[PDB]
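Structure below is final39.txt: compact mmCIF, N, CA and C atoms.
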# COMPACT_ATOMS: atom_id res chain seq x y z
N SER A 1 107.12 107.73 106.51
CA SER A 1 106.30 108.93 106.89
C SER A 1 105.15 109.18 105.92
N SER A 2 105.43 109.15 104.61
CA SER A 2 104.38 109.37 103.62
C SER A 2 103.23 108.40 103.84
N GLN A 3 102.04 108.78 103.39
CA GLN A 3 100.86 107.95 103.53
C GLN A 3 100.49 107.43 102.15
N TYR A 4 100.27 106.13 102.04
CA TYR A 4 99.91 105.55 100.76
C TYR A 4 98.50 105.04 100.69
N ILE A 5 97.92 105.18 99.51
CA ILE A 5 96.57 104.75 99.24
C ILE A 5 96.52 104.18 97.83
N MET A 6 95.88 103.02 97.70
CA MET A 6 95.74 102.35 96.42
C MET A 6 94.25 102.29 96.08
N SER A 7 93.94 102.61 94.83
CA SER A 7 92.57 102.57 94.36
C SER A 7 92.38 101.36 93.47
N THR A 8 91.34 100.59 93.77
CA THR A 8 91.01 99.37 93.03
C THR A 8 89.99 99.64 91.94
N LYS A 9 90.15 98.96 90.82
CA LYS A 9 89.26 99.10 89.68
C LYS A 9 87.78 98.95 90.06
N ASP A 10 87.50 98.09 91.03
CA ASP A 10 86.12 97.87 91.45
C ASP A 10 85.55 99.04 92.25
N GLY A 11 86.40 100.02 92.56
CA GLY A 11 85.95 101.18 93.30
C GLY A 11 86.44 101.27 94.72
N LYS A 12 87.04 100.18 95.21
CA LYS A 12 87.56 100.13 96.57
C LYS A 12 88.80 101.02 96.74
N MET A 13 89.20 101.22 97.99
CA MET A 13 90.35 102.04 98.33
C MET A 13 91.10 101.33 99.46
N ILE A 14 92.43 101.40 99.44
CA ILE A 14 93.25 100.75 100.47
C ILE A 14 94.42 101.63 100.92
N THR A 15 94.63 101.72 102.23
CA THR A 15 95.71 102.53 102.78
C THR A 15 96.90 101.68 103.23
N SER A 16 98.06 102.32 103.37
CA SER A 16 99.30 101.67 103.79
C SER A 16 100.32 102.73 104.21
N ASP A 17 101.15 102.43 105.20
CA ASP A 17 102.15 103.42 105.64
C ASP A 17 103.50 103.24 104.94
N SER A 18 103.59 102.23 104.08
CA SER A 18 104.81 101.96 103.30
C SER A 18 104.46 101.91 101.83
N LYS A 19 105.43 102.28 101.00
CA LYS A 19 105.27 102.25 99.56
C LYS A 19 105.05 100.80 99.10
N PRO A 20 103.92 100.53 98.43
CA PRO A 20 103.67 99.16 97.96
C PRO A 20 104.75 98.77 96.94
N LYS A 21 105.30 97.57 97.11
CA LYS A 21 106.37 97.07 96.24
C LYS A 21 105.81 96.10 95.19
N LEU A 22 105.98 96.43 93.91
CA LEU A 22 105.47 95.58 92.83
C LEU A 22 106.34 94.37 92.49
N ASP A 23 105.74 93.18 92.56
CA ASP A 23 106.42 91.92 92.24
C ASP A 23 106.01 91.54 90.82
N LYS A 24 106.92 91.79 89.87
CA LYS A 24 106.68 91.50 88.46
C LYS A 24 106.56 90.01 88.13
N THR A 25 107.12 89.16 88.99
CA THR A 25 107.05 87.73 88.75
C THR A 25 105.59 87.29 88.84
N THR A 26 104.88 87.80 89.85
CA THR A 26 103.48 87.45 90.06
C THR A 26 102.50 88.57 89.73
N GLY A 27 103.00 89.74 89.34
CA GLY A 27 102.11 90.85 89.05
C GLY A 27 101.29 91.17 90.30
N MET A 28 101.92 91.01 91.46
CA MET A 28 101.30 91.26 92.76
C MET A 28 101.93 92.45 93.48
N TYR A 29 101.10 93.31 94.06
CA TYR A 29 101.61 94.45 94.83
C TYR A 29 101.59 94.07 96.31
N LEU A 30 102.75 94.13 96.94
CA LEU A 30 102.85 93.82 98.36
C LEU A 30 102.82 95.14 99.13
N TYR A 31 102.11 95.13 100.25
CA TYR A 31 101.97 96.31 101.07
C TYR A 31 101.65 95.87 102.50
N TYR A 32 101.75 96.79 103.46
CA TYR A 32 101.45 96.47 104.85
C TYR A 32 100.14 97.08 105.32
N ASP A 33 99.34 96.27 106.01
CA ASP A 33 98.06 96.72 106.50
C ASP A 33 98.16 97.35 107.90
N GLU A 34 97.12 98.10 108.26
CA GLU A 34 97.04 98.76 109.55
C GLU A 34 97.09 97.71 110.65
N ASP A 35 97.99 97.87 111.62
CA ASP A 35 98.10 96.91 112.71
C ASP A 35 98.21 95.50 112.13
N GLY A 36 99.26 95.24 111.36
CA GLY A 36 99.37 93.91 110.80
C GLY A 36 100.55 93.60 109.90
N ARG A 37 100.47 92.42 109.28
CA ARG A 37 101.51 91.94 108.38
C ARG A 37 101.25 92.42 106.96
N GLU A 38 102.02 91.87 106.03
CA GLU A 38 101.88 92.23 104.63
C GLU A 38 100.64 91.60 104.03
N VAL A 39 100.21 92.13 102.90
CA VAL A 39 99.05 91.62 102.21
C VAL A 39 99.25 91.82 100.71
N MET A 40 98.51 91.06 99.92
CA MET A 40 98.64 91.10 98.47
C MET A 40 97.42 91.62 97.73
N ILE A 41 97.67 92.21 96.58
CA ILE A 41 96.63 92.74 95.71
C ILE A 41 97.19 92.64 94.29
N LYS A 42 96.36 92.18 93.35
CA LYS A 42 96.80 92.04 91.96
C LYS A 42 97.09 93.39 91.32
N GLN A 43 98.15 93.45 90.52
CA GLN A 43 98.56 94.68 89.84
C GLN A 43 97.42 95.23 88.99
N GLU A 44 96.83 94.35 88.19
CA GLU A 44 95.73 94.72 87.31
C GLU A 44 94.50 95.26 88.05
N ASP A 45 94.38 94.96 89.34
CA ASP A 45 93.24 95.43 90.13
C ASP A 45 93.47 96.86 90.62
N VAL A 46 94.71 97.33 90.52
CA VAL A 46 95.07 98.67 90.98
C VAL A 46 95.08 99.72 89.86
N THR A 47 94.28 100.76 90.02
CA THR A 47 94.24 101.81 89.01
C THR A 47 95.31 102.88 89.23
N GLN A 48 95.66 103.13 90.49
CA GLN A 48 96.66 104.15 90.80
C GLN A 48 97.25 103.99 92.20
N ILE A 49 98.46 104.52 92.40
CA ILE A 49 99.09 104.49 93.71
C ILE A 49 99.34 105.94 94.12
N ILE A 50 98.73 106.35 95.23
CA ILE A 50 98.84 107.73 95.69
C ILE A 50 99.72 108.01 96.90
N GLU A 51 100.69 108.89 96.72
CA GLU A 51 101.56 109.26 97.82
C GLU A 51 101.19 110.62 98.41
N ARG A 52 100.93 110.65 99.71
CA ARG A 52 100.60 111.88 100.39
C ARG A 52 101.76 112.21 101.31
N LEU A 53 102.40 113.33 101.02
CA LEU A 53 103.58 113.80 101.75
C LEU A 53 103.32 114.40 103.13
N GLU A 54 104.30 114.24 104.02
CA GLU A 54 104.23 114.81 105.36
C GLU A 54 105.01 116.10 105.33
N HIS A 55 104.51 117.13 105.99
CA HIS A 55 105.20 118.41 106.01
C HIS A 55 105.37 119.00 107.40
N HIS A 56 104.66 118.43 108.36
CA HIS A 56 104.71 118.88 109.74
C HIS A 56 105.69 118.07 110.56
N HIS A 57 106.80 117.69 109.92
CA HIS A 57 107.83 116.88 110.57
C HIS A 57 108.91 117.73 111.25
Output the structure of this file as structure tokens.
Amino acid sequence: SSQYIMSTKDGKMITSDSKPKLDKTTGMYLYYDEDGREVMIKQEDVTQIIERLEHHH
């Protein structure tokens, strides 16, 4: 239900409907894209992970 957004050091922004899972072996954050499969983003490229809560449930 919560909405996730990741901010990239370069200034970009990325959304996801699932909590991105950090893979310490590769320092890669796995997450799911809109209408699609999983995708990868480097841990070091991510400045923050933002959770936006749902309240109208």
Problem - For range 42-52 of chain A: contacts at 6 Å, only N, CA and C atoms, fewer than 6 positions along chain excluded, given as a list in words - result: residues 2, 3, 4, 5, 6, 7, 8, 9, 27, 28 and 29 of chain A
Taking N, CA and C atoms for each residue, export the selection above as a short mmCIF file (atom, residue, chain, number, x, y, z; two decimals), in the frame of the given file.
data_model
loop_
_atom_site.label_atom_id
_atom_site.label_comp_id
_atom_site.auth_asym_id
_atom_site.auth_seq_id
_atom_site.Cartn_x
_atom_site.Cartn_y
_atom_site.Cartn_z
N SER A 2 105.43 109.15 104.61
CA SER A 2 104.38 109.37 103.62
C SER A 2 103.23 108.40 103.84
N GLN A 3 102.04 108.78 103.39
CA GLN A 3 100.86 107.95 103.53
C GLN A 3 100.49 107.43 102.15
N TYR A 4 100.27 106.13 102.04
CA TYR A 4 99.91 105.55 100.76
C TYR A 4 98.50 105.04 100.69
N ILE A 5 97.92 105.18 99.51
CA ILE A 5 96.57 104.75 99.24
C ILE A 5 96.52 104.18 97.83
N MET A 6 95.88 103.02 97.70
CA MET A 6 95.74 102.35 96.42
C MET A 6 94.25 102.29 96.08
N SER A 7 93.94 102.61 94.83
CA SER A 7 92.57 102.57 94.36
C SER A 7 92.38 101.36 93.47
N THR A 8 91.34 100.59 93.77
CA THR A 8 91.01 99.37 93.03
C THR A 8 89.99 99.64 91.94
N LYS A 9 90.15 98.96 90.82
CA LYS A 9 89.26 99.10 89.68
C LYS A 9 87.78 98.95 90.06
N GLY A 27 103.00 89.74 89.34
CA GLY A 27 102.11 90.85 89.05
C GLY A 27 101.29 91.17 90.30
N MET A 28 101.92 91.01 91.46
CA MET A 28 101.30 91.26 92.76
C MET A 28 101.93 92.45 93.48
N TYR A 29 101.10 93.31 94.06
CA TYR A 29 101.61 94.45 94.83
C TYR A 29 101.59 94.07 96.31
#
Handout entry: Protein/DNA/RNA residues near (108.9, 103.1, 102.7), cut 8 Å, all atoms listed in the file, as a ChimeraX atom specification
Key = /A:1-2,17-20
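The two atoms in question, atom C of residue 56 in chain A and CA of residue 22 in chain A, are spaced 28.6 Å apart.
When atom C of residue 32 in chain A is paired with atom C of residue 15 in chain A, their separation reads 6.0 Å.
Between atom N of residue 14 in chain A and atom C of residue 57 in chain A lies a distance of 26.0 Å.
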